[PDB]
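Just so you know, the sequences run in chain order B, B', A and A'. A prime marks a further copy of an entry chain.
Going by PDB author numbering, the first sequence opens with residue 3, and the numbers climb by one from there.
Going by PDB author numbering, the second sequence opens with residue 3, and the numbers climb by one from there.
Going by PDB author numbering, the third sequence opens with residue 3, and the numbers climb by one from there.
Going by PDB author numbering, the fourth sequence opens with residue 3, and the numbers climb by one from there.
Before any comments, here is the structure.
There are 4 protein chains.
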Amino acid sequence: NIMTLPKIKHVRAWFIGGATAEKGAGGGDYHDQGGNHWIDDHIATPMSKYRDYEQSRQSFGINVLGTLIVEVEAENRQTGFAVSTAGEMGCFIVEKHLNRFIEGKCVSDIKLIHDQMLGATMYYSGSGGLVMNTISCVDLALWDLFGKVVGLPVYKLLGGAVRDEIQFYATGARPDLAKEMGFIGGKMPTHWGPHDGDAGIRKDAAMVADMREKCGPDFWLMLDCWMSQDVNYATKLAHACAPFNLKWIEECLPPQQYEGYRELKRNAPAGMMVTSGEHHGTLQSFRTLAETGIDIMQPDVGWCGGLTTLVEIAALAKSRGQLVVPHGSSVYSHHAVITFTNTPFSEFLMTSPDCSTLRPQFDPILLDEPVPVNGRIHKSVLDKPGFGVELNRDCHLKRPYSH
Amino acid sequence: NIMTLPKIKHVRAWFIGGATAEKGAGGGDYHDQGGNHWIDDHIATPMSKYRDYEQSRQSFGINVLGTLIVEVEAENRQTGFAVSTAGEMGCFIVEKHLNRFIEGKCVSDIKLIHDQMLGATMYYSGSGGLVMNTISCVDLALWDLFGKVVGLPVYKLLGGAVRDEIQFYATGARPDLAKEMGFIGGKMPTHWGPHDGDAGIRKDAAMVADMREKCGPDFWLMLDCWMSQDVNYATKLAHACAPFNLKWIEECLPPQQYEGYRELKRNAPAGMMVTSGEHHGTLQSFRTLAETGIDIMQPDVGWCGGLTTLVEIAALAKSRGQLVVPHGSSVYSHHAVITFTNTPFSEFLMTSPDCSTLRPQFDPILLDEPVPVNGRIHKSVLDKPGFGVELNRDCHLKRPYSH
Amino acid sequence: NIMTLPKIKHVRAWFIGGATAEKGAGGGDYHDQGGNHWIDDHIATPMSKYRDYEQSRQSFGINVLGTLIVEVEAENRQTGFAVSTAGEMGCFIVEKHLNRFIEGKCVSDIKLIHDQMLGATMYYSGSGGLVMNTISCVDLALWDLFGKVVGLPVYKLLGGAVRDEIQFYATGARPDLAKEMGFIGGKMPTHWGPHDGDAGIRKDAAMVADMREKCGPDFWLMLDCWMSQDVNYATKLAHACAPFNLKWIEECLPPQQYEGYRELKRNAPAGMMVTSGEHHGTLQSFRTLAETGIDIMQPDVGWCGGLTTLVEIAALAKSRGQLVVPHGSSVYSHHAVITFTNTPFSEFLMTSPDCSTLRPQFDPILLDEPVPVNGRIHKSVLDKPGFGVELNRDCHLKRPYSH
Amino acid sequence: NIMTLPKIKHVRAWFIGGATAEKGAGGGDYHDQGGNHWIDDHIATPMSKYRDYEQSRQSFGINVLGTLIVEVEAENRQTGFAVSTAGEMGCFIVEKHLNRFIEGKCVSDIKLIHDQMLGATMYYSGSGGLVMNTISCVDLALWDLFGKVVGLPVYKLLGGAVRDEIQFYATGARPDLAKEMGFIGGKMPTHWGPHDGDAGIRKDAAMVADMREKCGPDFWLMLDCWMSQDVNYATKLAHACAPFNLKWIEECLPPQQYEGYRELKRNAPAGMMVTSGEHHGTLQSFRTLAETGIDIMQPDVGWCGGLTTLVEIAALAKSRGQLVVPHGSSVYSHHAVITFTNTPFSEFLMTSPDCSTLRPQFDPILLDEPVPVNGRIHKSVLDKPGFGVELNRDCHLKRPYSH
Ligand SMILES: [Mg+2]
Ligand SMILES: [Mg+2]
Ligand SMILES: [Mg+2]
Ligand SMILES: [Mg+2]
């Protein structure tokens, strides 16, 4: 007997953080942290070749957007929400543009609202980043509302778990500690780039050699290069780290450089994986990325288009026999990837400043947000309506636009 | 507040039709019809080069499987079902094999049960047909149960319609009549094959020229070749029909002939589409099919793997900018393709013996099964729990196995 | 002076084994064995990533089909037969469908009956497995009858041996023992898959290293991976086993994954072979497989289409300078591959539960069925009419259909 | 009960014709005819650009080899034979070389004797022509003996007809007449080459236009260019003949020019076929030829390696979805191609000097050699032991070697 579905009454967007509020706010922006966080400690970037912007990513402006929160209220007064990285500018997009497609549709009209946001912003989105972050947030807000309205987890709507539990590896400066917390592997940032030559390679390879000595042969080790390299540097580094069984090397190149990724994968040591995707948006970009022949694609659910895009990226990887392993986005990834046969493991990105505690991935912004206890999360944990979390409204949410 | 989901208590399979029951039974088998149906009237096939098997497809055995019905009963006693083409042999598969993966899981455990059926039958399925027909049926049975248990249409679970109504073209011997019923186009079978040479081409092209004269320039015309041709014959025919603006030419080759399809598409008249897919199964086969560069892929939802496979095929086509237009499978396609932005139209395959009435696509087996009135179906029509239909149990359902 | 050939009066099919008879029946189904057989001892499969279906393949349903026996009787009352893996469902296919093409033709009309079975089942076979197993059995039944009617071995009909004796390697858990029995090499199953990571690789590589130490440098060692891997896992494993001169690594991927096989072969250690084919059916699939550039194709004569298909696969491999080495199917392979210049060796798959005795490949079902004594079989052994064996009718053959 | 097979006692070779006997002898050499035959009437060749060698092919030496006859006698005194084009030099090869592999083997040892002849002559055969003509003759001689010894047609040994009758088109100067004799089509030689420019094209195209006017639209028309062209000339000519629906254009280029054939096929009018093969020998050459993507390959059974090679070429074409249509070689082709599903028609090459009578294809040399009455040959006609013919020993057979 037919469940009756509400319309959509209001869409609202606030921000915490970024260049118009409290720097260090955390939440949706992973890199809105304080001083002396691991995530800002001399990480190789495109900018790190410049001496002012070598030490800190925060210095070049990695923290200026902050968290976007987008909330959608049905006319039965029930809400759903999600968070992403756009902040005040993303509030403008939701509130001076996108609201015309959200407001007044059914709660179940998610794909249509998605297609309309894609169609309408195509002239100014191009292909990812700020606009697509905003689009993904709306998309996830919508899936939350719908799962709450129905009284079901997103993961059951999507057709159920294919695994009882999600396995995690941990991202950050301390694989040794993450091994003690029960994680399956650990992914470190690179600290030196192309401008540092062989000394850079020696230095980053030595950090891998050390953690192999510490963690032993079965715990996975990976390197994350945040767009900082070229093909030759990436190939010298992949080969330096080969004696230590580096599982994969990740995001070596700026996202436009599809032909670079093709060539990098051709030059990779036998058995070593090349990965990318976290700065890619749209299904069609990921088609192009997949066909470079890289092993694993890594959308951020909050950056790539949303859960709607992500399920399509997973199908596309699976048609090719490839894995999709999203760039860790808490419950949003969780409800997705527990249904994906081609996501055998997931990413926890340490928001703990020294990678010693299981601090929540989206802390403070998300209430009862789960953590990988013993680097695992059981399916029974996610068994809450929608995405299973609530908005910490104690947080100092600014609202620069309404309509 | 969390909806509580039942386990799965029993899976049951019956058959109507095929070589062990009533020939002409209709239902899940499209080609289990009587004498003097359009669908058996001198249609070109792989076999039609043999004089005993030229006149009738029924003669070579196109009707021996019959309908499979698969029903799944939750422990709250609620059921879901679907129908496909496997019959008694499909009953064996469900009841001596597949039941070990269905029975005792949650109603929402569809993808897992899917993966398990794929994994376990891989040594004997290969890649489509009988075993995959059975797999798809179970898969659709499961989605019905789940949508009924939740009290929602499959189409809303999947994230909503992207169109208010499905547009249909009509398949069968009478495009002129289908134009009067309000259909957007009409697809005729070919009647002659390679062994008939130029006379075959002349004859089939003349049937297109005639219906172009009758239907005028805006109503679409297509040809369906049921695996009957080779590349050269298909290219001569595509070129003969070009003056008449044939929209596409469909299934020219046996499904293994990926390289043939590549070559056919290369040789197609400018602007004319090449299509295939209805005898393909598994996501991975469709990856291979897509990369031949054909324009439209055409899974049957009941033959290709199920709704679970189909949503992945749609994502895969959409990553490439291609359409997916399923081989018409009533409500099963409907609830799918009303959510697919890259399915702008759908197929109605005339089960009416002379293509003059809107006889139900799966008649008699499906109760309150919708028809394209004015070659359209509104989204509001599909707004019933699950797939929105019931099993005509008046039908003479035989049960050759239990467990 | 012209030998006069009988028509074909009757085709009959029985079964031993599977989910409707005696589990453990042996015969045509290689994997219809008892408890504590090597062939079910923790073998890596697509399913072995699931904890219920890790330990046993029998648990996921690898044994549910059982043996098909198909017998064809000429009107002079002479018979021929063969066995394969389809059982009761294959009995339906022979007896409610295929009999219309077999019954009433000449005994020498094998290719025609073959083409007709392929043409007629194309809409439900797709490309291999259950239906194709049935087709192959009929095909081999026909060649037996014809060779018996003529009073010649299949191998002489095909144009004679190109070698005095067939050399064998042995498949199963004990290469060391097989070396003592005089076999040229030994092929072990893998036990761990992708979900077991580096520990899985270490474990399987250590089992190869051990048997290299035992068998020494001239006895061949191979690994068989039964569809269980992905490209990366297969490449790590191939490279791990390279120090030990693993001759080849076999069936790493599900049969649809042609592009995976291409990529795997590209990544293989220099000099190491990649093989597949045993789950492929139809000549055209094998064209696609061949062009991935794998080294050896491995049809099962009883699964791929039959002896008629196999001779075409051998020609196709030989045009490319590749070997064909069939997946061991006793006399059916023997009479074939003793004529193939591009099959310099053959497979014996141990049906002996601990790989210590030369138990017959198709035990119990085949009377006076030869064994590789000293891992050889001389051509003079095969010098019997037809395929040279008889049907053990003491076996408890069930007949679920007649016509 | 086992038929007992004789050894091989003697191999003997004679010749009629060529530069050491009676010019105009006919038989195995198609082009050993008299003055004023159609087959020597101003046919375009590689040599026809030279004014001495324009008018006659006989002038440049097309007739110097003559017929080879090779006869093999078993120790039960039974014989088999065949004919080809090598004459006295082919007698040397059989009698000073190849006899070491033929003499003393079993009658059924055909493939082995084949492989041994290929292996041993590889240093001087290269890849076809004179040596391979000799090899093919031996091969066919062997199949005749074996079919006679067994008392069966070659066609039944190979596994039976797939068609009740062979359809023929006719090759030579008079398609109009061949249409009256009941042939399905007619293939004319070209008369002008590249050195004749546009006038050559106009002239040959006008001869096709004329016979289209005469024969009407359903009777097939083809052009045979005997190695005489380049790619550009062949493409201008194919396009000139397109208005008249020329079915195919054949052997435009010298056999080495694989890349030329690739390019020619790319440039062919839509729907028009490109063919070659009659001067190709060995399976491996035909692999290379097939992959140019030409439509039809055309071995001569007596030139390409023999019936043993031809069955492999047919399998190789069929794996690709291509036809094989042998260059007409009477019973040798017949017993082959009546079993080939991918030879839907065959070639009759007019040995009648003005193409008005059904003169035997191998006249005088072959006794009771069938003709396409009404351009057909029924399977029942071929139903004689071996290849079904006898050696006209009235003919003046010279024996230049024994051993
Ligand atoms: Mg990253
Ligand atoms: Mg169709
Ligand atoms: Mg194997
Ligand atoms: Mg020619």
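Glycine included, each C-beta is placed from N, C-alpha and C at the ideal position.
Along the stretch 44–71 of chain A, what residues have a CB closer than 7 Å to any CB found in chain B?
Contacts with chain B (Cβ-Cβ distance below 7 Å) from the stretch 44–71 of chain A involve no residue at all.
When you compare the CB of B':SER127 with every CB in chain A, is at least one pair closer than 8 Å?
yes
Closer than 7 Å: B':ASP226 CB and nearest ligand 2 heavy atom
yes
Other residues of its chain near B:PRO8: CB distance less than 6 Å, five sequence neighbours each side excluded:
These residues qualify, in order along the chain: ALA76, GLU77, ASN78, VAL109.
With distances taken Cα to Cα, identify the nearest neighbour of B:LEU142 among B':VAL140, B':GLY161, B':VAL333.
B':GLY161
State yes or no: is the C-beta of B:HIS329 nearer than 7 Å to some heavy atom of ligand 1?
Yes; taking the cut-off as 7 Å, the Cβ of B:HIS329 has a heavy atom of ligand 1 nearer than that.
Segment contact flag, the stretch 147–158 of chain A with the stretch 280–293 of chain B', C-beta cutoff 8 Å, min 3 pairs
no
Cα-Cα separation, A:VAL391 to A:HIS336
Their backbone Cα atoms lie some 12 Å apart in a straight line.
C-beta contact flag for B:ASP166 and B:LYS386 at 8 Å
no
Figure out for me which residue from B:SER138, B:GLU73, B:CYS93 has the closest Cα to the Cα of B:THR310.
B:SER138
To which residues of the same chain is residue 1 of chain B closer than 7 Å at the C-beta, ignoring the five residues directly before and after it?
Since the first residue shown for chain B is 3 and the last is 405, residue 1 of chain B is missing from the structure and cannot be characterised.
Report back the beta-carbon spacing between B':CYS227 and B':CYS254 to the nearest angstrom; my notes put them in contact at under 8 Å.
5 Å
Please report how far the alpha carbon of B:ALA46 lies from the alpha carbon of B:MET190, in whole angstroms.
11 Å
For B:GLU293, verify whether its CB is less than 7 Å away from any heavy atom of ligand 3.
no
Run the CB neighbour count on A':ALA242, radius 10 Å, all protein chains shown included, and call it buried at 16 or more, exposed below.
buried
Looking at ligand 3, does it come within less than 7 Å of B:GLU105, judged from the CB to the closest heavy atom?
no
Neighbourhood of A':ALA211 by C-beta, 7 Å cutoff - its chain only, sequence neighbours within 5 removed
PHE246
Thinking just about the alpha-carbon of each residue, which of A':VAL339, A':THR294, A':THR359, A':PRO219 is nearest to the one in A':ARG322?
Selected option, being the one with the closest Cα: A':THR294.
Hey, could you find the ends of the alpha helix (DSSP H) A':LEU318 is sitting in?
Counting along the chain, the alpha helix (DSSP H) containing A':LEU318 begins and ends at 309–321.
Tell me, to the nearest whole angstrom, how far the beta carbon of A:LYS113 is from that of A':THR341; I am working on the premise that it is less than 8 Å.
Approximately 5 Å separates the beta-carbon atoms of A:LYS113 and A':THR341; this is inside 8 Å, confirming the contact.
Please confirm if B':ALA163 has its CB atom under 8 Å from at least one CB of chain B.
yes
How would you label A:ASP34, buried or exposed, when you count the other beta carbons within 10 angstroms and need 16 or more for buried?
buried
Since B':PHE17 meets chain A, which of its residues come closer than 8 Å, beta carbon to beta carbon?
The contacting residues do not exist; B':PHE17 stays about 11 Å from chain A at best.
At 7 Å on the CB atoms, spell out the chain A contacts of A':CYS108, in chain order.
Within 7 Å Cβ-Cβ: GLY162.
List the DSSP bridge partners of B':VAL74.
B':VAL13, B':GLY82
Just how far apart, CA to CA, sit B':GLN80 and B':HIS12?
Here the alpha carbons of B':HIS12 and B':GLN80 stand approximately 11 Å from one another.
At the 8 Å Cβ level, is B':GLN259 part of the contact set with chain A', yes or no?
yes
When the distance is taken between beta carbons, is A':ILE298 closer than 8 Å to A':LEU239?
no
Out of B':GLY130, B':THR69, B':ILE168, B':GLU252, which has the shortest C-alpha to C-alpha gap to B':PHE350?
B':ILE168
Three-state secondary structure (DSSP) at A:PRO362?
Here A:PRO362 sits in coil by DSSP.
Rounded C-alpha distance that separates A':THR353 from A':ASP43:
13 Å
Closer than 7 Å between beta carbons: that is the criterion. Which residues of the stretch 72–99 of chain A meet it against chain B'?
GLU90, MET91, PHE94, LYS98, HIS99
Indicate, with yes or no, if ligand 4 has a heavy atom lying under 7 Å from the CB of A':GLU73.
no
Our contact map puts B':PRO256 next to B':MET224 with C-beta atoms below 8 Å; I'd like the distance itself, whole angstroms only.
So it is not a contact: roughly 20 Å between Cβ atoms.
Spatial neighbours of B:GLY20 within its chain, please: C-beta separation below 6 Å, excluding the five flanking residues on both sides.
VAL66, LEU67, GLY68, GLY89
Just mark B':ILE4 as buried or exposed, buried being the case when its beta carbon has 16 or more other beta carbons within 10 Å.
exposed
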